[PDB]
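*Asks:* Structure below; questions to follow.
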Amino acid sequence: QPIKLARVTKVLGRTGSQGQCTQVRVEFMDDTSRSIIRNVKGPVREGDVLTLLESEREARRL
Amino acid sequence: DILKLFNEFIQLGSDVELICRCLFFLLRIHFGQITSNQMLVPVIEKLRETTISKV
Amino acid sequence: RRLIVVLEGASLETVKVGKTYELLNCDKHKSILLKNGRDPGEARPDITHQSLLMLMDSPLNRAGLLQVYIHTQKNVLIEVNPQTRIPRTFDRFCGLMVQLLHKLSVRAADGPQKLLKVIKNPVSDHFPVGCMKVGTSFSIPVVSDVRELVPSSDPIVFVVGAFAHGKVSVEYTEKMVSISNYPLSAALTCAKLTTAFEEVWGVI
Amino acid sequence: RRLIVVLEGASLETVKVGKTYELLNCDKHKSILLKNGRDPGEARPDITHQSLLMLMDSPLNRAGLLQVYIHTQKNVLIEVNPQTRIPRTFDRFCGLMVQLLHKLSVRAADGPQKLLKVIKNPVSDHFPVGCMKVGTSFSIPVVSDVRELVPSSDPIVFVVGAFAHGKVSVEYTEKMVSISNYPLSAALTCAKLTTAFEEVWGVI
Amino acid sequence: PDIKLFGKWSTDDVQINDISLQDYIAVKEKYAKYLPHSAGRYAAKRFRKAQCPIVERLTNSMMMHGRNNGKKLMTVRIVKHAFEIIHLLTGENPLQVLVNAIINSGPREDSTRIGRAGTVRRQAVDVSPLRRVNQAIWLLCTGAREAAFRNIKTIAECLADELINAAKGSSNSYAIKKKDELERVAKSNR
Amino acid sequence: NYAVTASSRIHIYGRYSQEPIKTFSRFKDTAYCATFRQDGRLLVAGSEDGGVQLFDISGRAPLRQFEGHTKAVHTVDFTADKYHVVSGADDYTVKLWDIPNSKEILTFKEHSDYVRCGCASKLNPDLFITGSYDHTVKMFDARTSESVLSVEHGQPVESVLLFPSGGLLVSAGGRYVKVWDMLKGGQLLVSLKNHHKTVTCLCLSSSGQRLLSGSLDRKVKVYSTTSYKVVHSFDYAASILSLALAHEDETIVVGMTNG
RNA sequence: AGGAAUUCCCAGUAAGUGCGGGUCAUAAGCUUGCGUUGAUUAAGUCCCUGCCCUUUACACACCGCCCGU
Ligand SMILES: Nc1ncnc2c1ncn2[C@@H]1O[C@H](CSCC[C@H](N)C(=O)O)[C@@H](O)[C@H]1O
Ligand SMILES: Nc1ncnc2c1ncn2[C@@H]1O[C@H](CSCC[C@H](N)C(=O)O)[C@@H](O)[C@H]1O
Ligand SMILES: [Mg+2]
Ligand SMILES: [Mg+2]
């Protein structure tokens with residue numbers, strides 16, 4: 001599965017339960033107008049670019 | 001599924017202010033992805049007629 | 001390329017009776033184990049003792065492709081020099097481990113270099129980087145052939161428990177495998193593990 | 001088919017100190033051992049101890065494809081029941097052998113079935129018909145593939161020295177083989193022989 | 001005028017092939033300096049050290065590893081000698097080699113930790129670009145330091161070899177092994 | 001400056017400067033064939049062990065070691081590009097190595113005796129010529145896994161050299177010095193003998209017209225390439241093992257049988 | 001080149017190095033000044049271990065009763 005790039009639109013907050021990572025909202029650089037929620041480790045702000053080797057997983061799922 | 005359930009809520013007339021506030025928020029945040037999917041075309045057509053008529 | 005063997009959960013600890021300090025053994029120290037309500041039959045240095053005989057007399061160590069680590073129940077990490085002989089009989093083996101656990105190091109009588117030394121936890125820091133790390137347990141439903149798991153030119157880490165009951169569970173293993181359909185002793189597991197590595201690596 | 005292993009030259013005997021009977025241990029009985037000028041270090045029951053354990057715990061002995069016979073230095077011939085469980089601790093093992101020699105018998109604690117009992121010399125009479133005998137030693141210059149020596153459906157007898165120092169030399173053996181170019185222990189030889197016969201007879 | 005590092009290494013030809021790390025590697029025309037020694041305050045504010053030139057960051061991170069701390073001129077000379085050796089051995093711009101090594105050494109996903117007294121459980125999570133750069137620099141410096149220890153080889157040659165191997169992408173380098181093992185553990189824990 | 005290799009020591013001498021300005025002595029038994037790179041910063045070396053060693057002209061320990069050869073190595077040289085090396089040893093094989101990758105690129109095995117004289121072409125990379133005691137000189141070249149051209153010499157080959165322009169190869173065996181042309185393959189133009197012992201070394205002047213040949217009989221002959229006739233002679237106290245020329249013809253260095 | 005346990009630490013900070021004074025208390029293999037060189041990570045949560053408080057100024061907007069003995 002091809003490697004994907006995403007842009008951070010909104011920083012939600014620190015999970016607390018899952019270590020101390022940050023939940024962020026990211027939108028894919030493709031013109032598909034998609035947006036998901038991801039967990040990121042390390043200092044992150046708005047406008048950062050994340051590299052997703054797998055893009056199907058969702059941070060909040062049953 | 002939520003858009004289908006939201007349409008059922010507005011027609012009954014129950015808690016329209018709460019549902020519309022929720023409904024308008026999802027449409028903005030998922031505006032681009034909704035536009036691409038042709039399966040959602042029937043859904044908003046029921047939503048569009050219902051929402052303005054009830055409000 | 002090398003083989004790394006980690007003995008996890010070794011029952012190695014020193015107690016004092018009378019004016020003498022000696023290693024905790026189940027049968028010899030039966031009276032004191034029932035005192036303070038400690039579970040009898042858990043002080044089994046023999047499993048650690050027997051396994052090291054199988055490992056260090058194996059031709060793989062004789063060829064210089066084996067390194068042995070011991071992680072006891074009291075979270076004390078011991079490195080074993082391949083140049084050491086283990087004491088073959090039990091009582092002096094108690095004498096060595098009492099010597100090692102108190103002085104933190106054992107020097108060679110015939111050589112300047114150290115033979116046994118207590119080192120810093122965790123054991124994962126001392127492994128070569130990029131090595132594969134494998135745990136062994138009978139509870140795994142699928143029996144895996146040892147010859148298939150041997151890397152061609154990379155070091156590998158295998159963990160064998162030194163306890164009669166329980167399952168191996170540590171942080172750094174990524175897969176747990178079974179290599180037989182039956183429960184084997186710890187000493188037999190090391191002996192069966194080392195023999196398959198030799199013929200793959202040409203040690204006959 | 002069945003694999004029979006004979007441990008010859010086992011150092012198993014009972015001695016008198018004070019009023020109690022103990023098995024002859026080099027470490028424990030060094031005082032009396034120095035008296036009368038008998039050589040210290042020859043009395044090595046621990047060689048027998050770990051050897052029986054892995055032979056007993058081998059998968060084939062579960063499958064009923066192993067028989068172990070013991071021929072001590074004192075020309076005492078001992079058979080073992082496949083159902084026998086040798087104690088893992090050396091001290092508990094020493095109790096049974098002391099009880100074995102004097103009473104000539106070991107019965108099960110839960111039944112009259114015979115576990116350990118001394119039989120008549122020589123052992124060659126008890127051997128099954130159509131069986132070949134092989135001796136094992138390091139001194140043979142040509143190493144033999146242990147997987148090649150297996151008979152498909154015939155019983156076979158191996159003789160392994162349970163002594164401290166010397167060579168295997170008994171009349172009934174037909175041929176002599178070496179399994180490795182390194183000096184191995186009597187224990188690891190037993191583990192290797194059972195491991196090789198394991199795959200051929202299809203028990204895994 | 002043209003600004004060249006140490007007076008001989010140009011910065012115009014240096015280019016970055018990773019889009020995510022363009023905003024966190026400072027090598028371009030605005031960040032071009034003659035020496036990796038500016039006496040600036042880059043730890044004063046959050047995210048400000050992304051504006052520090054990457055050569056100065058490599059110099060700073062090479063001072064904490066296996067040395068008496070505070071000796072910066074020695075580290076500058078070590079970096080200069082390593083760049084000279086890299087240019088002699090490979091024949092291309094050492095700045096490009098350093099950029100490629102930092103790009104290759106950075107992990108893309110890590111494993112966040114859930115640990116109790118008994119056992120630890122895992123979860124794969126993403127890594128921000130700033131942590132990618134910091135961890136790549138740390139891995140390269142640690143690999144060079146461990147290679148130079150107890151060997152007849154000065155730290156400059158080991159550092160040069162580490163950057164050459166990491167930029168090549170070969171498995172002979174410490175940083176590549178660390179990155180591969182970390183991403184493998186994260187992959188197994190999805 | 002010039003590097004003189006002798007016994008287990010490679011010395012770097014400057015102009016005048018009786019004492020060496022630098023010394024490489026960490027060779028286990030002996031060193032062979034110290035040669036400079038075109039940029040004058042790195043030097044290739046050899047040893048009786050078989051490992052090819054790259055040295056920095058300002059260091060003390062070798063930067064790169066090559067362990068492919070099994071017996072003694074006597075000829076090593078760079079290529080047209082300054083980042084690959086070609087080495088030839090006594091195990092009948094010649095190997096091409098890469099400097100940054102630190103691994104052997106390619107191997108050739110087409111010789112029947114000790115291989116102890118290799119040369120490379122400055123004009124064309126991967127175009128190199130090798131010499132052995134098996135009386136043959138084979139040109140392992142182009143981008144192929146076999147020799148394109150071979151040359152037969154009547155005696156063991158001590159030295160081979162390439163004229164940069166015209167594709168002329170000069171080879172020394174015994175008394176004979178033979179010139180071969182590459183315009184048509186294996187064309188012996190001129191074979192000359194003016195020494196009464198074995199011709200040890202063959203060197204080219206800065207000008208293409210002058211060619212110098214040193215031999216084992218305490219005499220060095222200077223020839224014009226246009227006429228292929230002797231134009232000068234030099235007489236020395238001992239046999240000439242090594243002959244070396246500076247920029248223009250400024251300095252002449254000759255190394256003898258003795259120290 | 002110093003195990004198990006355990007303590008401390010966020011910018012001229014951690015760490016290294018030198019040079020002085022003995023000041024109405026204290027301080028001698030110790031105490032306190034002054035200068036030199038100068039870093040890695042972090043700028044956010046209540047998940048563990050705890051602490052401090054609450055659950056009766058009517059712009060717009062928002063919101064619409066803690067429980068028990
Ligand atoms: N069949 C087998 N394959 C691989 N390892 C085995 C094994 N049988 C026992 N072991 C190893 O031998 C050690 C002691 S034997 C104790 C067995 C234990 N109940 C278990 O879970 O396996 C254990 O740590 C186990 O890892
Ligand atoms: N490589 C080998 N192959 C077969 N049997 C071996 C062996 N190495 C040791 N043994 C057996 O193990 C027993 C104890 S080892 C005894 C010491 C002797 N030098 C020796 O190595 O053989 C001996 O009786 C010998 O028969
Ligand atoms: Mg310390
Ligand atoms: Mg001071």
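So you can find residues: chains in the structure tokens are A, B, ... in the order shown, residues in each start at 1, and ligands are numbered from 1 in order.
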Identify, counting only C-alpha atoms (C1' of nucleotides) and all ligand atoms, the protein, DNA and RNA residues located within 7 Å of ligand 2, and give them as a ChimeraX atom specification.
*Replies:* /D:136-139,160-168,177-186,189
*Asks:* Need to verify the contact set: residue 35 of chain E, 9 Å, only C-alpha atoms (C1' of nucleotides), exclusion of same-chain residues closer than 5 positions in sequence. Can you return it as a compact mmCIF listing (two decimals) with N, CA, C and O atoms, in the first residue's frame?
*Replies:*
# COMPACT_ATOMS: atom_id res chain seq x y z
N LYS E 4 29.54 29.93 1.87
CA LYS E 4 29.92 28.52 1.85
C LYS E 4 30.36 28.09 3.24
O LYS E 4 31.13 28.79 3.90
N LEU E 5 29.85 26.94 3.69
CA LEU E 5 30.24 26.41 4.99
C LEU E 5 31.72 26.04 4.99
O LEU E 5 32.20 25.36 4.08
N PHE E 6 32.44 26.52 6.00
CA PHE E 6 33.89 26.39 6.13
C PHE E 6 34.65 27.01 4.97
O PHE E 6 35.84 26.75 4.80
N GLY E 7 33.99 27.84 4.16
CA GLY E 7 34.61 28.49 3.03
C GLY E 7 34.72 27.64 1.77
O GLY E 7 35.24 28.14 0.77
N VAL E 55 23.81 22.00 10.76
CA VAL E 55 25.21 21.75 11.09
C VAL E 55 25.48 22.13 12.54
O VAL E 55 26.19 21.42 13.27
N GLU E 56 24.92 23.26 12.99
CA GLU E 56 25.08 23.66 14.38
C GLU E 56 24.36 22.69 15.31
O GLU E 56 24.85 22.41 16.42
N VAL E 76 33.53 21.35 16.60
CA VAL E 76 33.52 22.02 15.30
C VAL E 76 34.64 21.48 14.41
O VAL E 76 34.43 21.20 13.22
*Asks:* For chain E, work out the contacting residues on chain F at 8 Å, counting only C-alpha atoms, and write them as a PDB file with N, CA, C and O atoms, in the first residue's frame.
*Replies:*
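To be explicit, this is the file written out as iface-v6.pdb:
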ATOM      1  N   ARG F  41      45.885  13.355  -2.450  1.00  0.00           N
ATOM      2  CA  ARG F  41      45.402  13.306  -1.076  1.00  0.00           C
ATOM      3  C   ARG F  41      45.318  11.901  -0.503  1.00  0.00           C
ATOM      4  O   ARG F  41      45.464  11.734   0.709  1.00  0.00           O
ATOM      5  N   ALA F  61      46.572   5.762  10.258  1.00  0.00           N
ATOM      6  CA  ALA F  61      45.944   4.460  10.113  1.00  0.00           C
ATOM      7  C   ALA F  61      45.167   4.438   8.806  1.00  0.00           C
ATOM      8  O   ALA F  61      44.643   5.474   8.378  1.00  0.00           O
ATOM      9  N   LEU F  63      42.399   4.217   5.956  1.00  0.00           N
ATOM     10  CA  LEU F  63      40.980   4.549   5.933  1.00  0.00           C
ATOM     11  C   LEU F  63      40.117   3.365   5.519  1.00  0.00           C
ATOM     12  O   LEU F  63      39.042   3.158   6.092  1.00  0.00           O
ATOM     13  N   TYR F  83      37.579   7.214  -7.605  1.00  0.00           N
ATOM     14  CA  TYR F  83      36.827   6.561  -6.543  1.00  0.00           C
ATOM     15  C   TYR F  83      36.728   5.050  -6.697  1.00  0.00           C
ATOM     16  O   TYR F  83      35.977   4.421  -5.944  1.00  0.00           O
ATOM     17  N   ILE F  99      35.652   2.404  -3.607  1.00  0.00           N
ATOM     18  CA  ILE F  99      36.145   3.048  -2.390  1.00  0.00           C
ATOM     19  C   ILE F  99      35.006   3.408  -1.435  1.00  0.00           C
ATOM     20  O   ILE F  99      35.061   2.989  -0.270  1.00  0.00           O
ATOM     21  N   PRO F 100      33.972   4.174  -1.833  1.00  0.00           N
ATOM     22  CA  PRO F 100      32.920   4.495  -0.847  1.00  0.00           C
ATOM     23  C   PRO F 100      32.126   3.285  -0.387  1.00  0.00           C
ATOM     24  O   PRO F 100      31.744   3.210   0.788  1.00  0.00           O
TER      25      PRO F 100
END
*Asks:* Find the residues of chain E in contact range of chain C, meaning any atom within 8 Å when counting only C-alpha atoms, and list them as an NGL selection string.
*Replies:* :E and (119-120 or 174 or 177-178 or 180-181 or 185 or 188)
*Asks:* Can I get the selected residues back with N, CA and C atoms, as a short mmCIF file (atom, residue, chain, number, x, y, z; two decimals), in the first residue's frame?
*Replies:*
data_model
loop_
_atom_site.label_atom_id
_atom_site.label_comp_id
_atom_site.auth_asym_id
_atom_site.auth_seq_id
_atom_site.Cartn_x
_atom_site.Cartn_y
_atom_site.Cartn_z
N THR E 119 3.19 -6.58 32.92
CA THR E 119 3.61 -6.58 31.53
C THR E 119 3.35 -5.20 30.94
N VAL E 120 3.87 -4.99 29.74
CA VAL E 120 3.68 -3.75 29.00
C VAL E 120 2.88 -4.08 27.74
N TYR E 174 24.44 2.02 12.41
CA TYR E 174 23.67 1.85 13.64
C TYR E 174 22.28 2.48 13.52
N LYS E 177 19.75 0.36 11.53
CA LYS E 177 19.29 -0.78 12.31
C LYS E 177 18.28 -0.36 13.37
N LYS E 178 18.56 0.75 14.07
CA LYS E 178 17.62 1.24 15.08
C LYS E 178 16.28 1.61 14.45
N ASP E 180 14.98 0.53 11.58
CA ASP E 180 14.30 -0.66 11.08
C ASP E 180 13.66 -1.45 12.21
N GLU E 181 14.37 -1.61 13.33
CA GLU E 181 13.80 -2.34 14.45
C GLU E 181 12.62 -1.60 15.06
N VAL E 185 8.85 -3.12 15.16
CA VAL E 185 8.08 -3.29 16.39
C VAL E 185 6.74 -2.57 16.29
N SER E 188 4.44 -4.65 14.01
CA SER E 188 3.90 -5.84 14.66
C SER E 188 2.83 -5.51 15.69
#
*Asks:* Go through chain G residue by residue and, counting only C-alpha atoms (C1' of nucleotides) and all ligand atoms, keep those with an atom at most 10 Å from ligand 4; for each kept residue give the shortest atom pair and its distance in Å to one decimal, ordered by chain and increasing number, as CSV.
*Replies:*
residue,atom,partner,partner_atom_place_in_ligand_line,distance
G:16,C1',ligand 4,1 (Mg),8.9
G:17,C1',ligand 4,1 (Mg),6.9
G:18,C1',ligand 4,1 (Mg),7.1
G:19,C1',ligand 4,1 (Mg),9.3
*Asks:* Output the selection as a PDB file, in the first residue's frame - N, CA and C atoms (P, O5', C5', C4', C3', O3' and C1' of nucleotides) for each residue.
*Replies:*
ATOM      1  P     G G  16      31.519  18.393  37.242  1.00  0.00           P
ATOM      2  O5'   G G  16      32.660  18.909  36.256  1.00  0.00           O
ATOM      3  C5'   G G  16      33.351  17.999  35.413  1.00  0.00           C
ATOM      4  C4'   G G  16      34.234  18.712  34.419  1.00  0.00           C
ATOM      5  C3'   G G  16      35.287  19.643  34.997  1.00  0.00           C
ATOM      6  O3'   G G  16      36.433  18.952  35.462  1.00  0.00           O
ATOM      7  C1'   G G  16      34.197  20.697  33.179  1.00  0.00           C
ATOM      8  P     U G  17      37.255  19.504  36.728  1.00  0.00           P
ATOM      9  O5'   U G  17      37.940  20.839  36.192  1.00  0.00           O
ATOM     10  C5'   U G  17      38.933  20.794  35.179  1.00  0.00           C
ATOM     11  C4'   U G  17      39.319  22.177  34.721  1.00  0.00           C
ATOM     12  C3'   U G  17      39.792  23.129  35.806  1.00  0.00           C
ATOM     13  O3'   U G  17      41.142  22.918  36.181  1.00  0.00           O
ATOM     14  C1'   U G  17      38.230  24.233  34.425  1.00  0.00           C
ATOM     15  P     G G  18      41.549  22.910  37.736  1.00  0.00           P
ATOM     16  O5'   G G  18      41.899  24.432  38.047  1.00  0.00           O
ATOM     17  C5'   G G  18      43.059  25.030  37.492  1.00  0.00           C
ATOM     18  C4'   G G  18      42.854  26.493  37.194  1.00  0.00           C
ATOM     19  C3'   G G  18      43.018  27.450  38.361  1.00  0.00           C
ATOM     20  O3'   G G  18      44.378  27.735  38.637  1.00  0.00           O
ATOM     21  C1'   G G  18      41.079  28.018  37.128  1.00  0.00           C
ATOM     22  P     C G  19      44.875  27.947  40.149  1.00  0.00           P
ATOM     23  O5'   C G  19      44.480  29.454  40.473  1.00  0.00           O
ATOM     24  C5'   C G  19      44.886  30.514  39.620  1.00  0.00           C
ATOM     25  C4'   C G  19      44.052  31.748  39.849  1.00  0.00           C
ATOM     26  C3'   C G  19      43.967  32.225  41.289  1.00  0.00           C
ATOM     27  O3'   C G  19      45.091  32.994  41.680  1.00  0.00           O
ATOM     28  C1'   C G  19      41.798  32.167  40.353  1.00  0.00           C
TER      29        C G  19
END
*Asks:* Could you name the residues that touch segment 5-19 of chain A at 8 Å or less, counting only C-alpha atoms (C1' of nucleotides), but leaving out those on the same chain fewer than 2 positions away, as JSON, numbers by chain?
*Replies:* {"A": [3, 21, 22, 23, 24, 25, 26, 27, 28, 29, 45, 46, 47, 48, 49, 50, 51, 52], "E": [112, 113, 114], "G": [44, 45, 46, 47]}
*Asks:* Looking only at strand (DSSP E or B) from DSSP on the backbone, list the matching residues of segment 64-251 of chain F as a PyMOL selection string.
*Replies:* chain F and resi 64-66+73-78+84-89+94-98+103-108+115-120+128-132+136-140+149-152+157-163+168-173+176-181+187-192+201-204+210-214+219-224+229-235+240-245
*Asks:* If we count only C-alpha atoms (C1' of nucleotides) and set the cut-off at 8 Å, which residues sit around segment 12-29 of chain B, ignoring sequence neighbours fewer than 3 positions away in its own chain? Please answer as a ChimeraX atom specification.
*Replies:* /B:3,6,8-9,34,54-55
*Asks:* Let me have all residues with an atom within 12 Å of ligand 3, counting only C-alpha atoms (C1' of nucleotides) and all ligand atoms, laid out as a PDB file with C-alpha atoms (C1' of nucleotides), in the first residue's frame.
*Replies:*
ATOM      1  CA  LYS C 120      23.140  -3.077  34.451  1.00  0.00           C
TER       2      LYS C 120
ATOM      3  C1'   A G   1      34.524   2.800  35.720  1.00  0.00           C
ATOM      4  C1'   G G   2      31.393   0.613  40.155  1.00  0.00           C
TER       5        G G   2
END
*Asks:* Quick one: residues within 12 Å of residue 145 of chain E, only C-alpha atoms (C1' of nucleotides), excluding same-chain residues fewer than 3 positions away - as a ChimeraX atom specification?
*Replies:* /E:61-67,138-142,148-151,153-162,174-175
*Asks:* Go ahead and write the residues just picked, C-alpha atoms, as a PDB file, in the first residue's frame.
*Replies:*
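And here is the file that came out, result_28.pdb:
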ATOM      1  CA  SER E  61      24.395  16.999  19.719  1.00  0.00           C
ATOM      2  CA  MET E  62      27.972  15.727  19.255  1.00  0.00           C
ATOM      3  CA  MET E  63      29.101  17.520  22.435  1.00  0.00           C
ATOM      4  CA  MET E  64      26.866  15.581  24.841  1.00  0.00           C
ATOM      5  CA  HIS E  65      28.051  12.188  23.547  1.00  0.00           C
ATOM      6  CA  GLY E  66      31.182  10.745  25.157  1.00  0.00           C
ATOM      7  CA  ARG E  67      32.957  14.016  25.949  1.00  0.00           C
ATOM      8  CA  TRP E 138      20.680  11.413  18.153  1.00  0.00           C
ATOM      9  CA  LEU E 139      20.960   8.003  16.463  1.00  0.00           C
ATOM     10  CA  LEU E 140      23.741   9.183  14.140  1.00  0.00           C
ATOM     11  CA  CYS E 141      25.723  10.708  17.014  1.00  0.00           C
ATOM     12  CA  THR E 142      25.245   7.620  19.203  1.00  0.00           C
ATOM     13  CA  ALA E 148      34.783   5.232  17.937  1.00  0.00           C
ATOM     14  CA  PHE E 149      35.009   3.676  21.415  1.00  0.00           C
ATOM     15  CA  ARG E 150      37.862   1.240  22.175  1.00  0.00           C
ATOM     16  CA  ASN E 151      39.188   1.301  18.614  1.00  0.00           C
ATOM     17  CA  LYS E 153      40.188   5.133  14.814  1.00  0.00           C
ATOM     18  CA  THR E 154      39.485   8.779  15.605  1.00  0.00           C
ATOM     19  CA  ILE E 155      35.908  10.002  15.965  1.00  0.00           C
ATOM     20  CA  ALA E 156      36.037  11.928  12.672  1.00  0.00           C
ATOM     21  CA  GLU E 157      36.437   8.806  10.509  1.00  0.00           C
ATOM     22  CA  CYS E 158      33.717   6.902  12.375  1.00  0.00           C
ATOM     23  CA  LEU E 159      31.338   9.862  12.048  1.00  0.00           C
ATOM     24  CA  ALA E 160      32.131  10.188   8.336  1.00  0.00           C
ATOM     25  CA  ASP E 161      31.509   6.473   7.795  1.00  0.00           C
ATOM     26  CA  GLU E 162      28.234   6.686   9.731  1.00  0.00           C
ATOM     27  CA  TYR E 174      23.666   1.854  13.636  1.00  0.00           C
ATOM     28  CA  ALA E 175      20.927   4.387  12.845  1.00  0.00           C
TER      29      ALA E 175
END
*Asks:* How close does chain D get to chain C? List, as a tab-separated table, each residue of chain D within 9 Å, its nearest atom pair and the distance in Å to one decimal, counting only C-alpha atoms.
*Replies:*
residue	atom	partner	partner_atom	distance
D:27	CA	C:91	CA	7.8
D:44	CA	C:89	CA	9.0
D:46	CA	C:89	CA	6.9
D:50	CA	C:50	CA	7.8
D:54	CA	C:188	CA	6.6
D:57	CA	C:184	CA	6.8
D:58	CA	C:184	CA	7.7
D:59	CA	C:182	CA	7.2
D:88	CA	C:46	CA	7.8
D:89	CA	C:46	CA	7.0
D:90	CA	C:90	CA	8.1
D:91	CA	C:27	CA	8.2
D:92	CA	C:27	CA	8.5
D:179	CA	C:204	CA	8.8
D:180	CA	C:204	CA	6.4
D:181	CA	C:204	CA	7.2
D:182	CA	C:59	CA	6.6
D:183	CA	C:59	CA	8.6
D:184	CA	C:57	CA	6.8
D:185	CA	C:57	CA	7.3
D:187	CA	C:54	CA	8.1
D:188	CA	C:54	CA	6.7
D:191	CA	C:191	CA	7.2
D:192	CA	C:195	CA	7.9
D:195	CA	C:192	CA	7.6
D:204	CA	C:180	CA	6.5
*Asks:* Include N, CA and C atoms and write out the residues we just selected as a compact mmCIF listing (two decimals), in the first residue's frame.
*Replies:*
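The resulting file, again-v8.txt, is shown below:
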# COMPACT_ATOMS: atom_id res chain seq x y z
N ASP D 27 32.59 -34.93 46.77
CA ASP D 27 32.56 -33.69 47.54
C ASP D 27 32.19 -33.94 49.00
N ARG D 44 31.72 -40.31 40.72
CA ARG D 44 31.01 -39.23 40.02
C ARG D 44 29.58 -39.64 39.68
N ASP D 46 26.99 -37.84 39.71
CA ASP D 46 26.30 -36.75 39.01
C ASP D 46 26.28 -36.97 37.50
N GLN D 50 22.18 -36.49 35.67
CA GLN D 50 21.62 -35.70 34.58
C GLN D 50 21.43 -36.53 33.32
N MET D 54 17.48 -36.47 31.08
CA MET D 54 17.17 -36.14 29.69
C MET D 54 16.78 -37.38 28.89
N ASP D 57 13.26 -37.77 30.03
CA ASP D 57 12.42 -36.69 29.54
C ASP D 57 12.43 -36.56 28.02
N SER D 58 13.19 -37.39 27.32
CA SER D 58 13.19 -37.35 25.87
C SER D 58 11.82 -37.76 25.33
N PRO D 59 11.37 -37.17 24.22
CA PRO D 59 10.05 -37.53 23.67
C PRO D 59 9.89 -39.00 23.33
N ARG D 88 14.63 -34.57 40.04
CA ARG D 88 15.44 -33.50 39.47
C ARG D 88 16.56 -33.06 40.41
N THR D 89 16.33 -33.11 41.72
CA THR D 89 17.34 -32.73 42.69
C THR D 89 18.27 -33.90 42.97
N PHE D 90 19.56 -33.60 43.13
CA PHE D 90 20.56 -34.65 43.31
C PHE D 90 20.39 -35.36 44.64
N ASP D 91 20.04 -34.62 45.70
CA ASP D 91 19.95 -35.22 47.03
C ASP D 91 18.79 -36.21 47.12
N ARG D 92 17.64 -35.87 46.52
CA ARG D 92 16.52 -36.80 46.52
C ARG D 92 16.82 -38.02 45.65
N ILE D 179 30.61 -39.24 17.21
CA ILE D 179 29.50 -38.40 16.76
C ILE D 179 29.89 -36.93 16.68
N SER D 180 31.07 -36.55 17.17
CA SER D 180 31.51 -35.17 17.12
C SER D 180 33.03 -35.14 17.29
N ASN D 181 33.64 -34.08 16.77
CA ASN D 181 35.08 -33.87 16.86
C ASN D 181 35.48 -33.05 18.08
N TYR D 182 34.52 -32.69 18.94
CA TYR D 182 34.80 -32.01 20.19
C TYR D 182 34.59 -32.97 21.36
N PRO D 183 35.36 -32.84 22.44
CA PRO D 183 35.13 -33.69 23.62
C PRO D 183 33.82 -33.32 24.29
N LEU D 184 32.83 -34.20 24.17
CA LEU D 184 31.50 -33.97 24.71
C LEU D 184 31.36 -34.67 26.05
N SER D 185 30.33 -34.27 26.79
CA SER D 185 29.99 -34.93 28.04
C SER D 185 29.14 -36.16 27.76
N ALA D 187 26.39 -36.53 29.15
CA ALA D 187 25.03 -36.00 29.08
C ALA D 187 24.67 -35.58 27.66
N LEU D 188 25.49 -34.72 27.05
CA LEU D 188 25.12 -34.15 25.75
C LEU D 188 25.13 -35.22 24.66
N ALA D 191 21.69 -36.64 24.83
CA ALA D 191 20.72 -35.74 24.21
C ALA D 191 20.81 -35.79 22.69
N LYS D 192 22.03 -35.86 22.15
CA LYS D 192 22.21 -35.90 20.70
C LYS D 192 21.67 -37.19 20.11
N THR D 195 17.95 -37.12 20.07
CA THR D 195 17.47 -36.13 19.11
C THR D 195 17.52 -36.68 17.69
N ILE D 204 7.55 -36.38 16.74
CA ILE D 204 7.90 -34.96 16.79
C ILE D 204 7.12 -34.27 17.91
*Asks:* Specify as a list in words all residues of chain A found within 9 Å of chain B, counting only C-alpha atoms.
*Replies:*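 For chain A, the answer reads residues 32, 33, 34 and 35 of chain A.
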*Asks:* For those residues, write N, CA, C and O atoms to a file as a CSV table (one decimal), in the first residue's frame.
*Replies:*
chain,number,residue,atom,x,y,z
A,32,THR,N,-8.9,14.2,-2.7
A,32,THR,CA,-10.0,13.4,-2.3
A,32,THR,C,-10.8,14.0,-1.2
A,32,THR,O,-11.9,13.5,-0.9
A,33,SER,N,-10.4,15.1,-0.6
A,33,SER,CA,-11.1,15.9,0.4
A,33,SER,C,-11.5,15.0,1.6
A,33,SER,O,-12.6,15.1,2.2
A,34,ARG,N,-10.6,14.1,2.0
A,34,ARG,CA,-10.8,13.2,3.2
A,34,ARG,C,-10.1,13.8,4.4
A,34,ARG,O,-9.1,14.6,4.3
A,35,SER,N,-10.6,13.4,5.6
A,35,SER,CA,-10.0,13.8,6.8
A,35,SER,C,-10.3,12.8,7.9
A,35,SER,O,-11.4,12.2,8.0
